[PDB]
Each structure stands twice: as C-alpha cells, then as structure tokens.
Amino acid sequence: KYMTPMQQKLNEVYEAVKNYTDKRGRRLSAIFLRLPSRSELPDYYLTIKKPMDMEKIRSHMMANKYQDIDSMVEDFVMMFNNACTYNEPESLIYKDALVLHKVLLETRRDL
C-alpha cells in the first residue's frame, strides 16, 4: 500500500535522525537502531520498563499508528531517556542520545 502524507512527514523526520552524521561521518544512530533480544541482554530489559529502539518506531510509523509528529517524538524521547537511565552521562551512547534528540527537535522545527 501507499503512505499517507503524515506517514511521509514522519519518515522524513525518522530518516533525518537515522542519517545524521557527526563531523567525522559517524552515524550516531547505529547503536539505537536495534536492541539485542531479552535473552541476549537481560540486565537491560530488567532495568528499563519500556524498551524502545528505532526499528520499533519505524514499524509503528509504517503501520500508520502515529497520528502526528508529537506522537513519534514521544517514542524517540522514551528511547533517549532509556539510554540516559541505562548509561552514564560521560558515556558516548548517553552523549549521542542528547545530540540526536537535538537533531530530532531541529528537524521537527524545519518542517
């Protein structure tokens, strides 16, 4: 089937976050795309109440479950807040979550 205009707007925001690269050309999204399975990483799933990754967000988007951009932002904020809970502020993952959140809000503003 085809994508609604809203779905196309969401996908542009999604792809912006996914494709963002720092000054060295590293994609900050890499660790956020796909969490390991609960058997692979039990301590994550036993610590974080609502596990979330970019692939889960992309599925919800393609299933036409987000009503507007603020709905999808809510799930990005969950993912990023989870990364801040699970990791330390000095860590690379924690820092990248903050950059990508900024990229997300700046993309929403541009659109």
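Whichever C-alpha set is largest while still superposing within 1.5 Å between the two forms counts as the rigid core. Quick note: we count residues from 1 along the sequence shown, nothing fancier.
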query	finding
Between 33-41 and 80-88, larger RMS Cα displacement in 9 other deposited structures of this protein after core fit	33-41
Higher-deviation stretch (C-alpha RMS, rigid core fit) in 9 other deposited structures of this protein, choosing from 95-103 and 5-13	5-13
Entry-level comparison of average CA B-factors, 59-67 and 32-40, reporting the higher stretch	59-67
Record-listed C-alpha B factor of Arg26: chain third	highest
